[PDB]
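Chains B and A, in that order, give the protein sequences.
Everything in the first sequence is counted per the entry's author numbering, starting at 1 for the first residue and increasing by one.
Everything in the second sequence is counted per the entry's author numbering, starting at 1 for the first residue and increasing by one.
C-beta: ideal position from N, C-alpha, C; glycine also.
Number of protein chains: 2
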Amino acid sequence: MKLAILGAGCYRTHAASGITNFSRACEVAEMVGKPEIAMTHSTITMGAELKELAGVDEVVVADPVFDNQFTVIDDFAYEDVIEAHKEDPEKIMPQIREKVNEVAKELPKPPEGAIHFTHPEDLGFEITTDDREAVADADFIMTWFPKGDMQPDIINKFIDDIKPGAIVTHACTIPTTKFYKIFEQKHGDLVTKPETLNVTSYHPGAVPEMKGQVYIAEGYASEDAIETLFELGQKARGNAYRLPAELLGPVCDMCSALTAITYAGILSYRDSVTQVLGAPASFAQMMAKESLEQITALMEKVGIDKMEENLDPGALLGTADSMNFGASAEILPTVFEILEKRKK
Amino acid sequence: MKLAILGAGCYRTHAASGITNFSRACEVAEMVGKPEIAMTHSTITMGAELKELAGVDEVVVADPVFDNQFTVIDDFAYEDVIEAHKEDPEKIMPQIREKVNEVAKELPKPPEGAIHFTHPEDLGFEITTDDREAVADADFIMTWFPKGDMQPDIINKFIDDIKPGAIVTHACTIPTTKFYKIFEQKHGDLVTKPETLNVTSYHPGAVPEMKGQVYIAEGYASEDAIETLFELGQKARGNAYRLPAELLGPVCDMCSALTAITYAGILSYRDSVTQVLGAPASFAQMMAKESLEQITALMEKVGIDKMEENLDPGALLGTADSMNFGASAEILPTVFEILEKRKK
Ligand SMILES: C=Nc1ccc2ccccc2c1
Ligand SMILES: C=Nc1ccc2ccccc2c1
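Now the structure itself:
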């Protein structure tokens with residue numbers, strides 16, 4: 001099958017963040033015996049994995065940067081990188097960071113400049129500057145575009161060239177519904193039928209060269225298209241997660257912490273009620289819904305910064321202690337210490 | 001101020017639960033050099049507190065049980081109970097429970113029979129069988145009635161005898177909204193003016209003889225009445241919490257566990273965001289609202305029992321770990337262990 005990668009990515013913000021490495025990229029370099037994979041990033045890593053682990057035959061990358069200032073940094077041997085990532089990546093990440101930052105001081109931002117350590121040509125990818133050319137006959141279009149208002153402008157060029165029923169994906173840079181609405185603008189066209197498109201995500205939830213994982217939004221694509229993507233993603237990325245589009249943000253953005261805490265709570269609370277009190281799941285859910293909705297309404301009513309002045313965190317200490325059994329016993333003692341520090 | 005306690009309570013369910021003791025009652029009994037307080041329960045404990053610690057000299061208790069089988073168990077000395085609660089209450093609670101269970105086997109339920117260990121008369125309360133008599137001229141009416149359809153029937157018998165502006169409270173046996181709707185039925189009465197009533201809660205969120213705490217619902221009483229009840233409650237019960245009526249249930253009922261976990265989550269998340277990313281509280285709130293609303297809607301959508309088939313608990317491990325800093329570091333490691341156990 002034909003995969004069109006639209007957007008190669010730039011390394012500058014990964015380096016500037018100060019906290020990323022190539023753990024995943026190094027990992028798959030070893031898996032396939034190809035050291036140059038070790039220093040791929042972004043969409044080039046994910047393309048390497050789909051070609052070399054999932055068996056996707058043809059891969060094109062389209063980016064205007066190729067014909068502009070596409071810089072490959074050849075300072076670091078692939079093998080020294082692969083090496084340091086066995087023991088400790090922080091032996092080598094600082095200098096890589098340092099070098100990228102110096103080059104990024106003067107280099108224009110994408111699509112005028114981009115920083116890479118392995119050229120996608122060395123990986124056996126077709127490279128192109130024409131989006132429209134890249135998407136003709138693609139079954140799987142992986143978009144990786146800048147955040148904000150340029151995406152509709154970028155997409156509207158090649159949307160008519162998109163093969164009917166193709167899988168079309170986005171990453172961290174746009175929410176699914178906003179990505180969908182761009183295709184939805186054109187629903188009614190009989191010649192290519194964009195209503196037949198399977199719109200979803202291939203969102204890494206982290207820089208792809210660092211963590212082997214992908215997140216696949218459900219709600220727009222057909223079930224078949226989701227299963228296929230999930231299968232490819234499981235083989236390519238190692239860990240795949242399919243989930244409602246409406247939960248992609250809550251799961252992947254800064255609020256992931258709150259979504260984790262709350263979901264752990266719900267599951268633990270549910271199990272304590274069904275296993276220990278022996279009530280039906282519905283009784284748990286009816287209690288949980290009122291509890292979730294009301295704490296949420298409080299926050300909205302008074303402001304997240306003013307909740308304590310309205311609900312003393314200590315209020316929960318002398319009531320929740322009697323729910324400290326079953327699966328809730330795993331989390332409640334940690335919650336009591338927190339509530340304890342914050343009580344009036 | 002005249003306090004009218006309506007309903008003395010029965011010990012049977014406290015004993016039968018196997019997990020209550022007299023720690024609070026013993027503590028006040030010691031505070032005031034009055035051993036008989038040690039084995040009070042329910043409303044008698046709270047009226048003893050109000051009188052001995054909060055200066056409420058005038059206390060009437062009304063309950064039809066007084067003319068029925070009001071049964072006082074004299075098998076246990078107060079001084080031994082007080083003794084046992086200093087180090088370990090379980091050295092005396094089992095025999096107390098055994099005796100209560102025995103007597104309860106045959107004794108009819110309230111208001112036909114009730115089990116106490118100290119008669120409210122021994123604490124210098126007026127005792128009566130006439131609710132109408134008790135509420136006449138009362139400033140604070142504390143109701144303590146059976147769960148369900150009888151409360152309206154009980155209330156309508158004396159609602160016209162209620163001093164305008166009086167503070168009227170309920171505890172665990174009825175939601176604030178339903179309590180308030182009873183009085184709302186009589187709105188527009190020219191002489192009794194029930195619209196002036198200050199309706200709220202005096203809810204111990206536990207059996208009051210065990211725990212020194214009270215939860216006071218806001219939304220239906222004046223600011224002044226809440227303030228007054230709060231000050232009285234703090235003196236009498238030791239800990240007082242005033243909160244929106246809409247949170248009474250989430251805080252005090254079986255979902256208290258989930259409200260605790262979520263609230264701790266929201267607070268930790270907020271701090272990790274504001275103290276370590278430097279963003280306004282509104283930026284954290286926006287994120288928090290989407291996350292809470294969407295996890296809640298997934299639960300309602302697929303069922304609490306089927307959440308894991310739609311969102312792999314493991315999905316959160318590869319994203320939320322980026323947020324494991326600041327206050328969220330206090331709770332996240334525990335949450336990671338739980339989600340790890342539960343992943344697909
Ligand atoms: C494209 N940048 C990123 C980098 C790290 C991330 C970590 C969690 C979620 C989105 C992210 C986006
Ligand atoms: C009247 N019974 C109870 C006893 C314990 C409780 C604990 C928490 C909430 C309500 C409760 C009601």
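Report the rounded CA-to-CA distance for residue i versus residue j, giving the unit in angstroms.
{"i": "residue 108 of chain B", "j": "residue 7 of chain B", "result": "16 Å"}
{"i": "residue 32 of chain B", "j": "residue 213 of chain B", "result": "18 Å"}
{"i": "residue 27 of chain B", "j": "residue 271 of chain B", "result": "37 Å"}
{"i": "residue 114 of chain B", "j": "residue 9 of chain B", "result": "7 Å"}
{"i": "residue 12 of chain B", "j": "residue 204 of chain A", "result": "58 Å"}
{"i": "residue 340 of chain B", "j": "residue 297 of chain B", "result": "23 Å"}
{"i": "residue 133 of chain B", "j": "residue 70 of chain B", "result": "20 Å"}
{"i": "residue 79 of chain A", "j": "residue 19 of chain A", "result": "21 Å"}
{"i": "residue 104 of chain A", "j": "residue 46 of chain A", "result": "23 Å"}
{"i": "residue 345 of chain A", "j": "residue 291 of chain A", "result": "Past the boundaries of the shown model lies residue 345 of chain A; chain A is included only from 1 to 344, so the question cannot be answered."}
{"i": "residue 117 of chain B", "j": "residue 173 of chain B", "result": "23 Å"}
{"i": "residue 160 of chain A", "j": "residue 258 of chain A", "result": "40 Å"}
{"i": "residue 51 of chain A", "j": "residue 57 of chain A", "result": "6 Å"}
{"i": "residue 327 of chain A", "j": "residue 253 of chain B", "result": "18 Å"}
{"i": "residue 277 of chain B", "j": "residue 329 of chain B", "result": "14 Å"}
{"i": "residue 335 of chain B", "j": "residue 334 of chain A", "result": "10 Å"}
{"i": "residue 90 of chain B", "j": "residue 256 of chain A", "result": "44 Å"}
{"i": "residue 96 of chain A", "j": "residue 219 of chain A", "result": "40 Å"}
{"i": "residue 345 of chain B", "j": "residue 317 of chain B", "result": "Residue 345 of chain B cannot be examined here, being either before or after the span of chain B that is shown, 1 to 344."}
{"i": "residue 177 of chain B", "j": "residue 305 of chain B", "result": "30 Å"}
Does the beta-carbon of residue i, which I'm using as the reference point, lie nearer than 8 Å to any heavy atom of ligand 2?
{"i": "residue 255 of chain A", "result": "no"}
{"i": "residue 25 of chain B", "result": "no"}
{"i": "residue 322 of chain B", "result": "yes"}
{"i": "residue 10 of chain B", "result": "no"}
{"i": "residue 45 of chain A", "result": "no"}
{"i": "residue 173 of chain A", "result": "yes"}
Which first and last residues belong to the alpha helix (DSSP H) in which residue i is found?
{"i": "residue 322 of chain B", "result": "It is not in any alpha helix (DSSP H) - residue 322 of chain B carries neither H nor E in the DSSP assignment."}
{"i": "residue 300 of chain B", "result": "281 to 302"}
{"i": "residue 71 of chain A", "result": "Per DSSP, residue 71 of chain A belongs to no alpha helix (DSSP H); it is in the beta strand (DSSP E), 69 to 72."}
{"i": "residue 246 of chain A", "result": "245 to 252"}
{"i": "residue 182 of chain A", "result": "176 to 185"}
{"i": "residue 85 of chain B", "result": "78 to 87"}
{"i": "residue 28 of chain B", "result": "23 to 32"}
{"i": "residue 43 of chain A", "result": "42 to 53"}
{"i": "residue 268 of chain B", "result": "256 to 271"}
Does the distance from the C-beta atom of residue i to that of residue j stay below 9 Å?
{"i": "residue 143 of chain A", "j": "residue 66 of chain A", "result": "no"}
{"i": "residue 273 of chain B", "j": "residue 279 of chain B", "result": "yes"}
{"i": "residue 68 of chain A", "j": "residue 121 of chain A", "result": "no"}
{"i": "residue 53 of chain A", "j": "residue 235 of chain A", "result": "yes"}
{"i": "residue 167 of chain B", "j": "residue 228 of chain B", "result": "yes"}
{"i": "residue 44 of chain B", "j": "residue 5 of chain B", "result": "yes"}
{"i": "residue 180 of chain A", "j": "residue 207 of chain A", "result": "no"}
{"i": "residue 243 of chain B", "j": "residue 288 of chain A", "result": "no"}
{"i": "residue 154 of chain A", "j": "residue 145 of chain A", "result": "yes"}
{"i": "residue 63 of chain A", "j": "residue 110 of chain A", "result": "yes"}
{"i": "residue 346 of chain A", "j": "residue 209 of chain A", "result": "Residue 346 of chain A is absent from the model: chain A starts at 1 and stops at 344."}
{"i": "residue 82 of chain B", "j": "residue 35 of chain B", "result": "yes"}
{"i": "residue 338 of chain A", "j": "residue 267 of chain B", "result": "yes"}
{"i": "residue 137 of chain A", "j": "residue 163 of chain A", "result": "yes"}
{"i": "residue 251 of chain B", "j": "residue 311 of chain A", "result": "yes"}
Confirm the yes/no value for this check: CB of residue i, any heavy atom of ligand 1, distance under 8 Å.
{"i": "residue 176 of chain B", "result": "no"}
{"i": "residue 169 of chain A", "result": "no"}
{"i": "residue 273 of chain A", "result": "no"}
{"i": "residue 217 of chain B", "result": "no"}
{"i": "residue 205 of chain B", "result": "yes"}
{"i": "residue 85 of chain A", "result": "no"}
{"i": "residue 350 of chain B", "result": "This structure leaves residue 350 of chain B out entirely; chain B is present only between 1 and 344."}
{"i": "residue 319 of chain A", "result": "yes"}
{"i": "residue 252 of chain A", "result": "no"}
{"i": "residue 41 of chain B", "result": "no"}
{"i": "residue 187 of chain A", "result": "no"}
{"i": "residue 228 of chain A", "result": "no"}
{"i": "residue 14 of chain B", "result": "yes"}
How far does the beta strand (DSSP E) with residue i in it reach, from first residue to last?
{"i": "residue 142 of chain B", "result": "140 to 143"}
{"i": "residue 126 of chain A", "result": "126 to 128"}
{"i": "residue 170 of chain B", "result": "167 to 170"}
{"i": "residue 116 of chain B", "result": "113 to 116"}
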